[PDB]
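One structure is given here, and the rest of the page talks about it.
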There are 2 protein chains.
Amino acid sequence: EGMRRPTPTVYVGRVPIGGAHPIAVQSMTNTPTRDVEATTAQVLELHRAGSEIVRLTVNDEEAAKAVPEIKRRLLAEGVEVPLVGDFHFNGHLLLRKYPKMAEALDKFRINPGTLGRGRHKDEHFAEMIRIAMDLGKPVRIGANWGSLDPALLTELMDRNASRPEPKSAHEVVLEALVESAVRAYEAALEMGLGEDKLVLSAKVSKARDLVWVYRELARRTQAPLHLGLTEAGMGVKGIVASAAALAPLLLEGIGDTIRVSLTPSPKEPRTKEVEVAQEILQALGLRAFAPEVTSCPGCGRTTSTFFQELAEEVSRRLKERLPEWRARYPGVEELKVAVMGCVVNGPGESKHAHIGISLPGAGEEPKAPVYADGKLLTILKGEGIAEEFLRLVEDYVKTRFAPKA
Amino acid sequence: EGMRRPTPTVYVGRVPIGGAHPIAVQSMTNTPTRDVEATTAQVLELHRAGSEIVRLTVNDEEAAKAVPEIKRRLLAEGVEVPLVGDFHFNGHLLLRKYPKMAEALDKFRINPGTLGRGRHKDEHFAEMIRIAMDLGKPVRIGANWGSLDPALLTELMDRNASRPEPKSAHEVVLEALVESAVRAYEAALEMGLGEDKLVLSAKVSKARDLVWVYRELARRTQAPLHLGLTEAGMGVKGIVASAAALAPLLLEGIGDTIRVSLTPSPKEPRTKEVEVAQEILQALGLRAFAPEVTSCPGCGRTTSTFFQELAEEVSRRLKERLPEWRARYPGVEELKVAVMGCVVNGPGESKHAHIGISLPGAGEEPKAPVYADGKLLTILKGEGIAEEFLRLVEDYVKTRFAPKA
Ligand SMILES: C/C(=C\COP(=O)(O)OP(=O)(O)O)CO
Ligand SMILES: C/C(=C\COP(=O)(O)OP(=O)(O)O)CO
Ligand code: SF4
Ligand code: SF4
C-alpha cells in the first residue's frame, strides 16, 4: 500500500501470514479454557466480529483436555477459524501429555521468557519445537518484557557495561527483549523448523519502546511479525495507545498480523479489541472490512443535535445493511461515506468520499448537496433528509459495487 | 524527548507554541457563537477538561458581537484561556467592522481556500493579516482539503500533466494543499507578519495522506505546526484514526499543537475530543496530564469479572483523587499503576510501573503480590485485596510525590 517488508509465508490454519498477504486480525479469549461451552461461544463470537485467528490459553491439564472438544465444536459448525495455543512454564509438559490437543491446535505460541530456568530450559524449548515439527504446526516465538528471560538481560547488562559508551539500562532491557526473540528464532531454525512455520513477536507496553523494538526485529530477522502493544489498558487510553503504537510501524511496512490487548470494561464485550484492530488497519488503508463514515466534528456553523443525529444514523444504517451488502455487492467493504455540517468543507470533503452529504450551515441557502464519485448527484431539501440520503447510498452501492464480468 | 523540530515560539495568549515548548492541546466549541450563555459555558467546560487553547467560529455579525462578551465573562472567572477565531468567507468584513472582537480574540484563523475566489482573495487575505499585525495578534494559516483552493488545484494539475511522469490526481491534491499553506505562509511573512505570529496547518481526513503532508510542510517551512486529522468521524473509528494519523508524525518530532476532530455522539460531551488529544500525547511520552493504568487484557488464566472490575476501580479512583493529588503532590501526573491478571507477566510489568499488583490466577491463592519502585513491596491476601491495594496506591503517592525543597 505500502510498502510491505518482505517475509516468507506462514499458514496459520488456512490463513496465510506474511508480506504477500493481508495483515491478519487476531485476538484472544478470556473464558476459562476448561469451559468448553463458554470458550466455544466466545471463539465463535470473536470469529464473527472479524477475528481471522483466535488465541486461547492452554494453561493446565484441564485446559488441554478441552481443546480437542472446542476444536470439534467449531468444526461441527463449519467454523474453520485457526486456534493458537498460549503456553507458559509447562508448554512442553502439556503438548507431550496431550497429543490430541497438540493436533487440535493450528499453531503453538512459545514465550522464550517462560520456558524454565537453566539447562532444562533448552530441553523444554527443544521438546516443543520437536512436537511442532512432527505435526507440521507453525510456532510463534513471542517475547514480552513482563516476562523477560533473566539470563539474557544479565548477559546484555554484562555486554553493555563494557562498551566504550554504555547505553541506558532502559535501552538494554529492550535490547535483551529483541535478543530473546531473535536467539530463540535462530535456535528453532537451527533445529530445522521451516521459515514457513515461524512467527515472531516482542512486546512492550509503551508505544515509543515498541517502535524501537519492532524496528530492530525487522532489521535482524526475515520472519513474519506479530505486532501488538501489550497491556494497553482500559477505555480511550487503551484504544489510543494501541493505535499510536502500531501506526508508525505499519506505515513503515512492519507487521504481518496484529492483536489489540485491551482491558475490557465489565460492561464491554471481548469483541471490542477486534473492533480496534480493524479500525487501525482500515484507517491506515491496509485493510478494508466495512463501510466507513467521514464526518466533521460539527461547530457553531451547523445545528448540533440535527447533525450528530444524522451522522449517527448513517453509521448505524451502514452497519445494519452490511450483512446484506457483503453477499449482494462484492467490494462494498471499501465504501467511504461523508456526512458534513456546512459548506466550508462539506462539499470538498464529500467529493473525497464515494458518496457524501453536506447540510446547509448558518448563512446558507436551505439546501443539502449530495455528491457521488466526485460530482453533484442531487440536492436535498426539507424533512426526512436522513432517509433520503440513505436511499441514495443504497442505490449507489447497488450500482458501483454490483457483480460484473 | 525526542527530538522536537525546531520552530520559533508563537504565543497564543500566555500559551507558547513551538519546538521549545510542550505540545499544546486545543479544541473547538460547537455551540452557536451568538449564544453567549451556551458558548461561555462550553469554553469553560473544555478548558476544565484540559484544553489549553479554545477555538470558536466567528461566522457572522451576531457571532462577532458575542466574542467580546464571552471573553469578558471568562476573565471575570479568572479563566485566561486563549480564544481562537475561525473565519471563513467574511473574515475581513467581520474583523474590520468589529474591532473589539478583533481585540478580544487571542488569535485569528485564516483558511486560504475560503478567502474569496481570485484577486480580491488577496485583498481579503491582506486585510486580515494587516489587522492582525496592528494588534500584534498571532494567526494560523490553516489549509484543509475540504476547502482546497480550486485555481491552485487546476494549476498544479496542469503543471503535473507536463512532468515526464505525472503523479496521480490524488497525490497532486496533497501537493496543492501543501502549496496553499506554504504560499500563504510566505505571503504573510513578506507582508511583515512575524515568525513569532504565524502557525500553519494543512489537514486531510486520511492518516497516510496526513503523514505525507505534514512531512512536506515541516520540510518546506519553519513555522510551528498545528497537527490534526480533520473530519475523523465517530466512535472508535474517529479515535483510532486520529491516533494513527498523529503518532507517526509526533514520533518524528513534527507537531506543536493538536486538535482532535471527533464527531460527538448525541449522548457524549464535546470534551471527549480533549480526552483523546490528551491520551495521544501521554501515550507517546510527550506530555503527562494524569496518572494512568497499565493493565493486561486478562485471559483464561485469571477470573474475568474480578480482574476487569478491579482494574476499573483502580482507574476510577485515580481519576477521583487527581484533583486532590494535583495540589498536594507535584509531578503525580507521571504516576503509572499496573493491574495484572496473573503471574506470567504480572510481576515483570508491575516492576516497570510506579506501583503494581499481580493477581492470583486460575492456579489459585487469594493473595496478590504488590510491587513498588521496581521491587516487591508486600503481599495482600484474603478478601478486600482490592481496597488494600488502593490504600497502598494512595500511600505510595503520599511518599513518592511528597513536597520537596
Ligand atoms: C497473554 C500474554 C500477554 C498479553 O496478551 P498480549 O497479546 O498483550 O502479549 P503476548 O501474549 O505476549 O503476545 C502472555 O505473554
Ligand atoms: C472548522 C473547520 C474544519 C474542521 O475543524 P478541523 O480542526 O477538523 O480543521 P481545520 O479547522 O481546517 O484545521 C474549518 O476548516
Ligand atoms: S463542516 Fe462546517 S459545521 Fe462541520 S466542522 Fe467544518 S465548518 Fe464546522
Ligand atoms: S497477565 Fe496473565 S491473565 Fe493477564 S493477559 Fe497475561 S497471561 Fe493472561
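Atoms within each ligand, like the ligands themselves, are counted from 1 in listed order. Note on naming: letters A, B, ... go to the chains in the order of the sequence lines (proteins, then strands), and numbering restarts at 1 for each one.
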Flag, side chain of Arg109(A) to backbone of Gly142(A), donor-acceptor distance under 3.5 Å: yes
Any side-chain donor paired with an acceptor under 3.5 Å for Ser205(B) and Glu349(A)? yes
Given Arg259(B), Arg109(B), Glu349(A), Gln26(B), identify the one with the heavy atom nearest to atom 10 (P) of ligand 2. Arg109(B)
Backbone or side chain, does any N or O of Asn144(A) fall under 3.5 Å from an N or O of ligand 1? yes
Which label fits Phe87(A) and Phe108(A): parallel for a plane angle under 30°, tilted from 30 to 60°, or perpendicular past 60°? perpendicular
So that I can tick it off, tell me whether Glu231(A) and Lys203(A) are bridged by a salt bridge, with the cut-off set at under 4.0 angstrom between side-chain N and carboxylate O. no
With a 4.5 Å heavy-atom cut-off, do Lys206(A) and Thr294(B) have their side chains touching? yes
Distance to 0.1 Å, residue and atom name: give those for the protein heavy atom nearest to atom 11 (O) of ligand 2. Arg55(B) NH1, 2.6 Å
Using a 4.0 Å cutoff against the non-hydrogen atoms of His88(A), which atoms of ligand 1 qualify? 14 (C), 15 (O)
Within the structure provided, determine whether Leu227(A) and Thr257(A) are in side-chain contact (heavy-atom separation under 4.5 Å). no
We want to know whether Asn144(A) and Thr230(A) form a side-chain donor-acceptor pair, criterion being a heavy-atom distance below 3.5 angstrom. yes
Considering non-hydrogen atoms of the protein only, which is the closest contact for atom 1 (C) of ligand 2, and what is the distance? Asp86(B) OD2, 3.5 Å
Nearest to atom 4 (C) of ligand 1, what protein heavy atom do you find, and at what distance? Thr230(A) OG1, 3.5 Å
Ligand 4 to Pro297(B), heavy atom cutoff 4.0 Å, flagged ligand atoms 5 (S)
Taken by chain and residue number, the protein N/O/S atoms under 2.8 Å from atom 2 (Fe) of ligand 4 read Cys342(B) SG
Which protein non-hydrogen atom lies closest to atom 3 (C) of ligand 2, naming both residue and atom, and how far is it? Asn345(A) ND2, 3.6 Å
Return the closest protein heavy atom for atom 8 (O) of ligand 2 as residue, atom name and distance. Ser261(B) OG, 2.4 Å
Check the side chains of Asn30(A) and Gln42(A) for a donor-acceptor pair under 3.5 angstrom, ignoring hydrogens and angles. yes
Location of contacts on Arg140(A) toward ligand 1, heavy atoms closer than 4.0 Å: side chain
Under 3.5 Å, is there a donor-acceptor pair between the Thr114(B) and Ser147(B) side chains? no
The closest protein heavy-atom partner of atom 13 (O) of ligand 2 is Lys203(B) NZ, 2.7 Å
Just by distance, with hydrogens left out, do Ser27(B) and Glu273(B) show a side-chain donor and acceptor under 3.5 Å apart? no
Would you say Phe307(A) and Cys296(A) make side-chain contact, with heavy atoms under 4.5 Å? yes
Sub-4.0 Å atoms of ligand 2 with respect to non-hydrogen atoms of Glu231(B): 4 (C), 8 (O)
